[PDB]
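J.: Below are the structure tokens for one structure; questions will follow.
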Amino acid sequence: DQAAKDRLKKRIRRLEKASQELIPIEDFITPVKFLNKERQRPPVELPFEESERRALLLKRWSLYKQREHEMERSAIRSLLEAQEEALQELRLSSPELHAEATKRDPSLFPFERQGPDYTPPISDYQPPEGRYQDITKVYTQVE
Amino acid sequence: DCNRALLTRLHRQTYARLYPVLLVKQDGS
Amino acid sequence: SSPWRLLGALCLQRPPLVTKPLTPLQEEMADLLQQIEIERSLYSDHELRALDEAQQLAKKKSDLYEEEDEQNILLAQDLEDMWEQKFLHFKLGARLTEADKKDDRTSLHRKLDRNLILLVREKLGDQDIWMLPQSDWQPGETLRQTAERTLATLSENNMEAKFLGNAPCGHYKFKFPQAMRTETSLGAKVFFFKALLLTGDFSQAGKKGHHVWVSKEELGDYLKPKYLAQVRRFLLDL
Amino acid sequence: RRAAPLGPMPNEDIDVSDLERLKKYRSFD
Amino acid sequence: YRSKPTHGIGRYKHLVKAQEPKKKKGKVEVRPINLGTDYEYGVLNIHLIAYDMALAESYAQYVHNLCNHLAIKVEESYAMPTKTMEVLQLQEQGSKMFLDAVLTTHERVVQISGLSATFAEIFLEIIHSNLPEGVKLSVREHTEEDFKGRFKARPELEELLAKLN
RNA sequence: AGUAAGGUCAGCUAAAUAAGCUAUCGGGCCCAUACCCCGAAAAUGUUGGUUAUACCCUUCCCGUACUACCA
RNA sequence: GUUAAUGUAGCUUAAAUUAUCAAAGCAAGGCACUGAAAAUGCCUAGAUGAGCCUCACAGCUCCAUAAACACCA
Ligand SMILES: *C(=O)[C@@H](N)Cc1ccccc1
Ligand SMILES: [Mg+2]
């Protein structure tokens with residue numbers, strides 16, 4: 001009776017002393033479905049004319065990538081300077097509002113935003129019905 | 001600058017073939 | 001107080017709705033990346049059925065000793081035809097809406113791949129100048145709230161916009177002309193706050209004569225060189 | 001009986017505090 | 001030697017961190033969650049969710065590399081476990097369902113350290129502007145509940161917890 | 001004081017392959033109870049370490065045991 | 001227009017026909033490499049602000065950066 005509660009308390013502590021296991025990521029673990037299922041491509045043939053243009057194009061891509069970084073780094077530099085100069089300028093004129101503008105205000109997080117889509121959502125669209133089953137292979141282990 | 005990350009590849013060594021599939025949302029997007 | 005007039009301006013920005021077109025250089029590399037994916041990949045289940053047709057067809061040509069003539073019903077190529085016919089029959093929206101064709105610089109359905117910054121026309125000194133929405137700072141009110149109040153003062157608006165913390169994003173100082181310049185009010189200081197438009201739009205009462213939406217490329221046309229310079233600093237090109 | 005060094009110490013320029021801010025070597029070469 | 005002027009020329013333990021070894025019995029992710037500084041936000045999780053594995057990871061790398069250039073400390077770049085949903089569509093002229101397709105969701109999280117309040121507007125401006133296509137950005141606080149999804153389920157405790165209640 | 005030495009189901013025992021008997025809970029047999037037949041549940045004093053645990057060691061606690069002599 | 005600060009690549013070396021072998025070093029990028037970084041391999045892009053003076057010291061000036069008197073709603 002009272003002793004059985006003691007074991008129930010102790011069984012709680014015994015499981016607590018164990019490590020908190022983490023679910024392995026199946027994305028990084030290829031299943032045995034692709035494990036040498038004769039699904040090998042034939043020996044790839046690379047034309048010499050295709051090889052020279054492919055490597056030469058990658059040289060421009062490296063140069064073009066640097067161009068994107070230069071403008072992006074310049075853009076964030078100007079944005080950082082513009083906000084920094086305005087914040088300091090306002091401090092001298094209105095010291096009281098400067099403290100409010102710099103203190104951590106929980107009015108931003110969470111900041112959930114989605115990315116743009118290929119096409120805009122059309123007007124008066126009626127998608128068909130159905131149901132969403134979630135297999136989500138479970139991983140339960142005991143110690 | 002919305003085309004600065006979509007240009008990529010499935011960085012793996014043992015992966016099945018993938019095909020471009022245009023999925024439409026609940027709306028027309 | 002101070003001779004300068006404290007004003008809180010709101011820099012409302014609309015995020016792009018559609019993906020921007022790929023540059024010619026990016027198109028060539030996108031083909032290359034997709035080409036490499038197929039070369040370094042394995043055979044998918046659909047690609048397996050392509051050889052399954054070859055396995056059965058080869059029997060139908062030489063090894064006419066197949067045990068079971070039932071087999072399947074559909075074919076891998078036929079399956080693609082089933083989805084192709086539905087896809088070709090099905091139609092989507094247009095990236096370039098009627099707003100672009102009619103140059104309706106007020107509706108939110110223009111330049112879906114670009115960013116639109118809200119501009120309104122205010123009459124000061126018997127002169128109409130296009131400017132960002134703004135309001136005067138008041139006692140017992142933070143500068144961020146002044147821009148927040150400006151959104152509620154818009155003519156018949158239901159828009160919901162997320163602000164960005166409390167720190168400002170820019171400044172602009174101007175002095176009144178000497179005709180109306182006094183020591184009491186030498187000029188004013190305009191502070192800009194950026195916000196992202198989530199949902200909502202203006203009503204149908206007044207559109208052309210109240211507000212317009214433009215991108216940074218044509219933003220300078222409606223503005224003036226003195227006021228334009230400070231606006232472009234915090235406006236991230238996109 | 002500690003003595004005073006005759007010149008600057010080798011590693012006294014860097015700040016002991018705030019180790020994470022200082023960039024590391026990350027390489028052997 | 002102590003009395004020589006060249007004493008302590010070999011001092012190095014104050015240059016590297018202590019680097020406490022992960023003891024077998026003391027192995028625990030002891031994270032001192034910082035909350036509410038004068039100008040520094042707390043620990044934040046940048047949840048990037050997308051349907052395509054390649055697209056989700058590609059933008060995850062950009063966020064992680066951007067923080068390093070901006071001197072933003074990155075505590076970890078772990079990955080939330082994936083979730084698979086079976087898409088079933090309704091058959092026309094009927095009621096019985098049929099297997100339409102199998103779609104999965106991939107989530108990549110780039111945990112970041114504290115940042116200045118001024119930089120919060122600028123840093124987030126770059127992120128949301130570069131969302132390639134359909135990536136669901138989610139910048140939420142790093143509470144233990146948001147971090148529990150990475151671990152497994154423990155029915156052994158739930159058997160005891162149910163009887164405890 | 002020192003040394004020796006033990007704790008296991010409600011209870012007592014044997015093994016560490018955690019079992020056996022009894023008690024307890026449910027049902028059957030009988031006019032009813034008990035006997036009897038059938039079924040189920042139940043624990044390794046405590047902390048830490050023992051590849052990992054258990055019989056082990058360690059810590060904590062309860063209780064048991066011997067000796068304390070020559071002037 | 002006018003009044004006061006500055007102008008080799010991102011910082012910085014040598015250099016700056018002052019002489020000398022020479023425009024350097026580190027950053028910053030692409031690709032490959034268990035998944036992130038980082039290492040490693042292969043690989044991309046480059047400035048001596050401008051003229052004058054000195055031609056055998058190097059600086060002035062110009063222009064520009066940039067602040068100011070100061071046009072502004
Ligand atoms: C602008 O040029 C001025 N007319 C603005 C103005 C100042 C004071 C009173 C009214 C208008
Ligand atoms: Mg890497």
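Starting from 1 in every chain, residues are counted up; chains themselves are A, B, ... following the order of the structure tokens, and ligands are numbered from 1 as listed.
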Considering only C-alpha atoms (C1' of nucleotides), return as a PyMOL selection string whatever protein or nucleic-acid residues lie within 8 Å of region 17-27 of chain B, sequence-local ones (same chain, fewer than 3 positions apart) excluded.

T.: (chain A and resi 121-122+125-127) or (chain C and resi 37-38+41-44)

J.: Got time to write the residues from that selection, N, CA and C atoms, as a PDB file, in the first residue's frame?

T.:
```pdb
ATOM      1  N   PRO A 121      -2.961  34.178 -55.778  1.00  0.00           N
ATOM      2  CA  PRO A 121      -4.193  33.403 -55.564  1.00  0.00           C
ATOM      3  C   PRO A 121      -5.325  33.953 -56.417  1.00  0.00           C
ATOM      4  N   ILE A 122      -5.928  33.080 -57.226  1.00  0.00           N
ATOM      5  CA  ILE A 122      -6.980  33.526 -58.132  1.00  0.00           C
ATOM      6  C   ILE A 122      -8.259  33.808 -57.353  1.00  0.00           C
ATOM      7  N   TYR A 125     -12.002  30.609 -56.322  1.00  0.00           N
ATOM      8  CA  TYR A 125     -11.495  29.271 -56.596  1.00  0.00           C
ATOM      9  C   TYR A 125     -12.046  28.309 -55.554  1.00  0.00           C
ATOM     10  N   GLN A 126     -12.532  27.154 -56.012  1.00  0.00           N
ATOM     11  CA  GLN A 126     -13.144  26.147 -55.148  1.00  0.00           C
ATOM     12  C   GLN A 126     -12.358  24.847 -55.273  1.00  0.00           C
ATOM     13  N   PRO A 127     -11.354  24.633 -54.421  1.00  0.00           N
ATOM     14  CA  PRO A 127     -10.604  23.382 -54.482  1.00  0.00           C
ATOM     15  C   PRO A 127     -11.458  22.218 -54.018  1.00  0.00           C
TER      16      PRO A 127
ATOM     17  N   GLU C  37      21.563  17.053 -61.258  1.00  0.00           N
ATOM     18  CA  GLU C  37      20.755  16.244 -60.351  1.00  0.00           C
ATOM     19  C   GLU C  37      20.417  14.893 -60.966  1.00  0.00           C
ATOM     20  N   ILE C  38      20.031  14.881 -62.242  1.00  0.00           N
ATOM     21  CA  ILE C  38      19.666  13.630 -62.899  1.00  0.00           C
ATOM     22  C   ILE C  38      20.890  12.739 -63.078  1.00  0.00           C
ATOM     23  N   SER C  41      21.883  11.045 -59.691  1.00  0.00           N
ATOM     24  CA  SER C  41      20.802  10.412 -58.953  1.00  0.00           C
ATOM     25  C   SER C  41      20.684   8.934 -59.307  1.00  0.00           C
ATOM     26  N   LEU C  42      19.787   8.258 -58.595  1.00  0.00           N
ATOM     27  CA  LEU C  42      19.430   6.879 -58.871  1.00  0.00           C
ATOM     28  C   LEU C  42      18.151   6.844 -59.702  1.00  0.00           C
ATOM     29  N   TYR C  43      17.672   5.635 -59.985  1.00  0.00           N
ATOM     30  CA  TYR C  43      16.432   5.472 -60.733  1.00  0.00           C
ATOM     31  C   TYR C  43      15.247   5.507 -59.776  1.00  0.00           C
ATOM     32  N   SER C  44      14.321   6.430 -60.016  1.00  0.00           N
ATOM     33  CA  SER C  44      13.120   6.520 -59.204  1.00  0.00           C
ATOM     34  C   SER C  44      12.159   5.387 -59.556  1.00  0.00           C
TER      35      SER C  44
END
```

J.: Up to 7 Å from chain G, what residues of chain A turn up? Count only C-alpha atoms (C1' of nucleotides) and give them as a ChimeraX atom specification.

T.: /A:28,59,61-63,65-66

J.: Which residues of chain C are close to chain B, meaning at most 9 Å apart when you count only C-alpha atoms, and how do they look as a PyMOL selection string?

T.: chain C and resi 16+19-23+26+29-30+33-34+36-38+40-45+47+92-93+113+237-238

J.: Counting only C-alpha atoms (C1' of nucleotides) and all ligand atoms, what are the residues, protein, DNA or RNA alike, that approach ligand 1 to within 10 Å? I want them as JSON, numbers by chain.

T.: {"C": [123, 124, 125, 126, 127, 128, 129, 175, 176, 177, 178, 179, 180, 181, 182, 185, 187], "G": [72, 73]}

J.: Please identify every residue of chain D that has at least one atom no more than 12 Å from any atom of chain G, counting only C-alpha atoms (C1' of nucleotides), and report them as a short mmCIF file (atom, residue, chain, number, x, y, z; two decimals) with N, CA, C and O atoms, in the first residue's frame.

T.:
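Final file, part_26.cif:
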```
data_model
loop_
_atom_site.label_atom_id
_atom_site.label_comp_id
_atom_site.auth_asym_id
_atom_site.auth_seq_id
_atom_site.Cartn_x
_atom_site.Cartn_y
_atom_site.Cartn_z
N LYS D 24 39.22 33.30 -33.90
CA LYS D 24 40.23 32.28 -33.65
C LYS D 24 41.09 32.07 -34.90
O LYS D 24 40.92 32.74 -35.92
N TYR D 25 42.03 31.14 -34.80
CA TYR D 25 42.85 30.78 -35.95
C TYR D 25 42.09 29.88 -36.91
O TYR D 25 42.09 30.11 -38.12
N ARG D 26 41.46 28.83 -36.38
CA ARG D 26 40.65 27.85 -37.10
C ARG D 26 41.48 26.96 -38.02
O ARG D 26 40.92 26.05 -38.63
N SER D 27 42.79 27.19 -38.13
CA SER D 27 43.64 26.43 -39.03
C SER D 27 45.00 26.23 -38.39
O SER D 27 45.41 26.98 -37.50
N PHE D 28 45.71 25.20 -38.86
CA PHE D 28 47.07 24.94 -38.41
C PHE D 28 48.12 25.63 -39.27
O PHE D 28 49.19 25.98 -38.75
N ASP D 29 47.86 25.83 -40.56
CA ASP D 29 48.82 26.51 -41.42
C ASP D 29 48.90 28.00 -41.15
O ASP D 29 49.93 28.61 -41.44
#
```

J.: Which neighbours of residue 115 (chain A) fall inside 7 Å, counting only C-alpha atoms (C1' of nucleotides), when residues of the same chain fewer than 6 positions from it are skipped, and could you give them as a VMD selection string?

T.: chain E and resid 131 to 136

J.: For the selection just defined, write its residues with N, CA, C and O atoms to a file, as a CSV table (one decimal), in the first residue's frame.

T.:
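Saved result, out_9.csv, follows:
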```csv
chain,number,residue,atom,x,y,z
E,131,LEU,N,13.2,35.4,-48.7
E,131,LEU,CA,12.4,34.1,-48.7
E,131,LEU,C,12.2,33.7,-50.1
E,131,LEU,O,11.5,34.3,-50.9
E,132,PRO,N,12.9,32.6,-50.6
E,132,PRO,CA,12.9,32.3,-52.0
E,132,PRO,C,11.5,32.0,-52.6
E,132,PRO,O,11.0,32.7,-53.5
E,133,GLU,N,10.8,31.0,-52.1
E,133,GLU,CA,9.5,30.6,-52.6
E,133,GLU,C,8.8,29.7,-51.6
E,133,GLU,O,9.1,28.5,-51.6
E,134,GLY,N,7.8,30.2,-50.9
E,134,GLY,CA,7.0,29.3,-50.0
E,134,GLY,C,7.7,28.9,-48.7
E,134,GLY,O,7.2,28.1,-48.0
E,135,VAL,N,8.9,29.4,-48.4
E,135,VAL,CA,9.6,29.1,-47.1
E,135,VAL,C,8.9,29.9,-46.0
E,135,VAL,O,8.8,31.1,-46.1
E,136,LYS,N,8.4,29.2,-45.0
E,136,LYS,CA,7.6,29.8,-43.9
E,136,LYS,C,8.6,30.2,-42.8
E,136,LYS,O,8.9,29.4,-41.9
```

J.: Using only C-alpha atoms, find which residues of chain A lie within 9 Å of chain C and jot them down as a CSV table (one decimal) with N, CA and C atoms, in the first residue's frame.

T.:
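Writing done, so here's part-v5.csv:
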```csv
chain,number,residue,atom,x,y,z
A,34,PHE,N,17.0,2.4,-51.4
A,34,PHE,CA,17.9,2.7,-52.4
A,34,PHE,C,19.3,2.0,-52.2
A,37,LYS,N,19.7,-1.2,-55.4
A,37,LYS,CA,18.6,-1.8,-56.0
A,37,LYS,C,18.6,-1.8,-57.5
A,38,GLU,N,19.9,-2.0,-58.1
A,38,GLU,CA,20.1,-2.0,-59.5
A,38,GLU,C,19.8,-0.7,-60.2
A,39,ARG,N,19.5,0.4,-59.4
A,39,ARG,CA,19.1,1.7,-59.9
A,39,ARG,C,20.4,2.6,-60.1
A,40,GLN,N,21.3,2.1,-60.8
A,40,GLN,CA,22.6,2.9,-61.1
A,40,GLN,C,22.5,3.4,-62.5
A,41,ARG,N,22.8,4.7,-62.7
A,41,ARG,CA,22.8,5.3,-64.0
A,41,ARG,C,24.0,4.7,-64.8
A,44,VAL,N,28.3,8.0,-67.3
A,44,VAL,CA,28.0,9.3,-67.9
A,44,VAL,C,29.0,9.7,-68.9
A,54,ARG,N,30.8,24.6,-69.6
A,54,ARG,CA,30.3,24.4,-68.3
A,54,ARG,C,31.3,25.0,-67.3
A,57,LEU,N,31.4,28.8,-67.6
A,57,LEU,CA,30.2,29.5,-67.1
A,57,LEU,C,30.4,29.6,-65.6
A,58,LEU,N,30.9,28.6,-64.9
A,58,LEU,CA,31.0,28.7,-63.4
A,58,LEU,C,32.0,29.8,-63.0
A,60,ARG,N,32.0,32.8,-64.4
A,60,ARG,CA,31.1,34.0,-64.3
A,60,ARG,C,30.2,33.9,-63.1
A,61,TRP,N,29.7,32.7,-62.8
A,61,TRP,CA,28.8,32.6,-61.6
A,61,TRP,C,29.5,33.0,-60.4
A,64,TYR,N,29.6,36.7,-60.5
A,64,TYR,CA,28.3,37.3,-60.3
A,64,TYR,C,27.8,37.1,-58.9
A,75,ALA,N,24.1,47.5,-49.1
A,75,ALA,CA,22.7,47.9,-48.7
A,75,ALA,C,22.5,47.8,-47.2
A,76,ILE,N,23.0,46.7,-46.6
A,76,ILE,CA,22.9,46.6,-45.1
A,76,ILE,C,23.8,47.6,-44.4
A,78,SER,N,24.3,50.7,-45.5
A,78,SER,CA,23.6,52.0,-45.5
A,78,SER,C,22.4,51.9,-44.6
A,79,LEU,N,21.7,50.8,-44.5
A,79,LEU,CA,20.5,50.7,-43.6
A,79,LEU,C,21.0,50.8,-42.2
A,80,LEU,N,22.1,50.1,-41.8
A,80,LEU,CA,22.6,50.2,-40.5
A,80,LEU,C,23.0,51.6,-40.1
A,81,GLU,N,23.7,52.3,-41.1
A,81,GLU,CA,24.1,53.7,-40.8
A,81,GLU,C,22.9,54.6,-40.7
A,82,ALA,N,21.9,54.5,-41.5
A,82,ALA,CA,20.8,55.3,-41.5
A,82,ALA,C,20.0,55.3,-40.2
A,83,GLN,N,19.8,54.0,-39.7
A,83,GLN,CA,19.1,53.9,-38.4
A,83,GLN,C,20.0,54.4,-37.3
A,84,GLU,N,21.3,54.1,-37.3
A,84,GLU,CA,22.2,54.5,-36.2
A,84,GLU,C,22.3,56.0,-36.1
A,85,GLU,N,22.4,56.7,-37.3
A,85,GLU,CA,22.5,58.2,-37.2
A,85,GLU,C,21.2,58.8,-36.8
A,86,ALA,N,20.1,58.3,-37.1
A,86,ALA,CA,18.8,58.8,-36.7
A,86,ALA,C,18.6,58.6,-35.2
A,87,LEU,N,18.9,57.4,-34.7
A,87,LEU,CA,18.8,57.1,-33.3
A,87,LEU,C,19.6,58.0,-32.4
A,89,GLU,N,20.8,61.0,-33.3
A,89,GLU,CA,20.4,62.4,-33.5
A,89,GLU,C,19.1,62.6,-32.6
A,90,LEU,N,18.2,61.7,-32.5
A,90,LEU,CA,17.0,61.9,-31.7
A,90,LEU,C,17.3,61.9,-30.2
A,93,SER,N,18.0,65.5,-29.1
A,93,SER,CA,16.8,66.3,-29.1
A,93,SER,C,15.7,65.8,-28.1
A,97,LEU,N,12.5,59.8,-25.2
A,97,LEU,CA,12.1,58.9,-26.2
A,97,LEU,C,13.2,58.0,-26.7
A,98,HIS,N,14.5,58.4,-26.5
A,98,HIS,CA,15.6,57.6,-26.9
A,98,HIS,C,15.6,56.3,-26.1
A,100,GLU,N,13.1,54.7,-24.7
A,100,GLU,CA,12.0,53.9,-25.1
A,100,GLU,C,12.3,53.2,-26.4
A,101,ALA,N,13.0,53.9,-27.3
A,101,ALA,CA,13.4,53.4,-28.6
A,101,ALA,C,14.5,52.3,-28.6
A,102,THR,N,15.3,52.3,-27.5
A,102,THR,CA,16.4,51.3,-27.4
A,102,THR,C,16.1,50.2,-26.5
A,103,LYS,N,15.2,50.3,-25.5
A,103,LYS,CA,14.9,49.2,-24.6
A,103,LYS,C,14.1,48.1,-25.4
A,104,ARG,N,14.4,46.9,-24.9
A,104,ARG,CA,13.8,45.7,-25.5
A,104,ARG,C,12.2,45.8,-25.4
A,105,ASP,N,11.5,45.9,-26.5
A,105,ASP,CA,10.1,46.0,-26.5
A,105,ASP,C,9.5,44.7,-27.1
A,106,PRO,N,8.8,43.9,-26.4
A,106,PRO,CA,8.3,42.7,-27.0
A,106,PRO,C,7.1,42.9,-27.9
A,107,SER,N,7.3,43.7,-28.9
A,107,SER,CA,6.2,44.0,-29.9
A,107,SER,C,6.6,43.5,-31.3
A,108,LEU,N,7.7,42.7,-31.4
A,108,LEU,CA,8.2,42.2,-32.7
A,108,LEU,C,8.1,40.7,-32.9
A,109,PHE,N,8.4,40.0,-31.8
A,109,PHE,CA,8.4,38.5,-31.9
A,109,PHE,C,7.1,38.0,-31.4
A,111,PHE,N,7.7,36.7,-35.5
A,111,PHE,CA,7.7,37.4,-36.7
A,111,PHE,C,7.4,36.5,-37.9
A,115,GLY,N,7.0,33.1,-47.8
A,115,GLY,CA,7.6,33.6,-49.0
A,115,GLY,C,6.6,33.8,-50.1
A,116,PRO,N,7.0,34.5,-51.2
A,116,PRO,CA,6.1,34.7,-52.3
A,116,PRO,C,5.9,33.4,-53.1
A,117,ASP,N,4.7,33.3,-53.7
A,117,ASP,CA,4.4,32.1,-54.5
A,117,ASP,C,4.6,32.4,-56.0
A,118,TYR,N,4.5,31.3,-56.8
A,118,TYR,CA,4.7,31.4,-58.2
A,118,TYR,C,3.6,32.2,-58.9
A,119,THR,N,2.4,32.0,-58.5
A,119,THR,CA,1.3,32.7,-59.0
A,119,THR,C,0.4,33.3,-57.9
A,120,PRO,N,-0.2,34.4,-58.2
A,120,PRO,CA,-1.1,35.0,-57.1
A,120,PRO,C,-2.3,34.1,-57.0
A,121,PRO,N,-3.0,34.2,-55.8
A,121,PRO,CA,-4.2,33.4,-55.6
A,121,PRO,C,-5.3,34.0,-56.4
A,122,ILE,N,-5.9,33.1,-57.2
A,122,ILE,CA,-7.0,33.5,-58.1
A,122,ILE,C,-8.3,33.8,-57.4
A,123,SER,N,-9.2,34.5,-58.0
A,123,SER,CA,-10.4,34.9,-57.4
A,123,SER,C,-11.5,33.9,-57.6
```

J.: Please, which residues have at least one atom within 9 Å of an atom of ligand 2, using only C-alpha atoms (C1' of nucleotides) and all ligand atoms, listed as an MDAnalysis selection string?

T.: (chainID E and resid 61) or (chainID G and resid 33 36:38)

J.: For the residues in the current selection, export N, CA and C atoms (P, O5', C5', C4', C3', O3' and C1' of nucleotides) as a PDB file, in the first residue's frame.

T.:
```pdb
ATOM      1  N   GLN E  61      21.318  27.479 -44.880  1.00  0.00           N
ATOM      2  CA  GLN E  61      22.741  27.792 -44.947  1.00  0.00           C
ATOM      3  C   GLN E  61      22.972  29.290 -45.099  1.00  0.00           C
TER       4      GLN E  61
ATOM      5  P     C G  33      30.509  16.335 -53.354  1.00  0.00           P
ATOM      6  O5'   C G  33      31.350  16.124 -52.017  1.00  0.00           O
ATOM      7  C5'   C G  33      32.436  15.210 -51.974  1.00  0.00           C
ATOM      8  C4'   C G  33      33.333  15.476 -50.791  1.00  0.00           C
ATOM      9  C3'   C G  33      32.664  15.456 -49.424  1.00  0.00           C
ATOM     10  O3'   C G  33      32.496  14.146 -48.906  1.00  0.00           O
ATOM     11  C1'   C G  33      34.026  17.378 -49.608  1.00  0.00           C
ATOM     12  P     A G  36      26.248  20.637 -45.294  1.00  0.00           P
ATOM     13  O5'   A G  36      25.866  21.512 -44.022  1.00  0.00           O
ATOM     14  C5'   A G  36      24.631  22.210 -43.971  1.00  0.00           C
ATOM     15  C4'   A G  36      24.643  23.260 -42.894  1.00  0.00           C
ATOM     16  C3'   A G  36      25.929  24.060 -42.778  1.00  0.00           C
ATOM     17  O3'   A G  36      26.008  25.114 -43.719  1.00  0.00           O
ATOM     18  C1'   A G  36      25.277  23.315 -40.637  1.00  0.00           C
ATOM     19  P     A G  37      27.442  25.611 -44.237  1.00  0.00           P
ATOM     20  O5'   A G  37      27.733  26.901 -43.351  1.00  0.00           O
ATOM     21  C5'   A G  37      29.062  27.297 -43.061  1.00  0.00           C
ATOM     22  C4'   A G  37      29.281  27.447 -41.578  1.00  0.00           C
ATOM     23  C3'   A G  37      30.732  27.474 -41.127  1.00  0.00           C
ATOM     24  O3'   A G  37      31.312  28.761 -41.246  1.00  0.00           O
ATOM     25  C1'   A G  37      29.520  25.949 -39.790  1.00  0.00           C
ATOM     26  P     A G  38      32.452  29.031 -42.345  1.00  0.00           P
ATOM     27  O5'   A G  38      33.709  28.232 -41.785  1.00  0.00           O
ATOM     28  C5'   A G  38      34.315  28.603 -40.556  1.00  0.00           C
ATOM     29  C4'   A G  38      35.245  27.529 -40.055  1.00  0.00           C
ATOM     30  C3'   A G  38      36.217  26.970 -41.081  1.00  0.00           C
ATOM     31  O3'   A G  38      37.361  27.783 -41.260  1.00  0.00           O
ATOM     32  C1'   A G  38      35.178  25.188 -39.940  1.00  0.00           C
TER      33        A G  38
END
```

J.: Check region 52-221 of chain C with DSSP on the backbone and list each residue it calls helix (DSSP H, G or I), as a ChimeraX atom specification.

T.: /C:52-61,76-89,98-102,143-152,219-221
